[PDB]
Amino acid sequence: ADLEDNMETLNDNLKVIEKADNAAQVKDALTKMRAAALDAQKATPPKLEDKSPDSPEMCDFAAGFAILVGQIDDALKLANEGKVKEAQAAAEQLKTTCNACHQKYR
């Protein structure tokens, strides 16, 4: 899966989470998100393809997934404890991570 594919997975699954009723779908979606985030972490985006791997832009980019992955884990712990509404608020919060990265690198 390339970067676009992983982004679609992140987006589709975030929509499942916000619309859901139940812990099962929230857990499942978060789990798919986690996978997609770890996969995207290895990618170099179009805007950065001419930078060096240890340019601040590139380290910034990786840092944003590392945050996202941590946030997904936090929501997933919540969902595992049956705090569906709380897990769901956690998912909404981490849109900031999506949006702040897109603002620079999309």
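We number the residues from 1 along the sequence you see.
Stretches compared: 76-84, 26-34. Higher mean C-alpha B-factor in the entry: 76-84. Here the stretch with the larger average CA B-factor, out of 13-21 and 89-97, is 13-21.
Ranked by Cα temperature factor within the chain, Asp2 sits in the highest third according to the deposited record. The deposited CA B-factor of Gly64 belongs to the lowest third of values across its chain.
Annotation for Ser52: CA B-factor lies in the highest third of the chain's modelled residues. Among the modelled residues of its chain, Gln41 has a C-alpha B-factor that falls in the highest third according to the deposited record.
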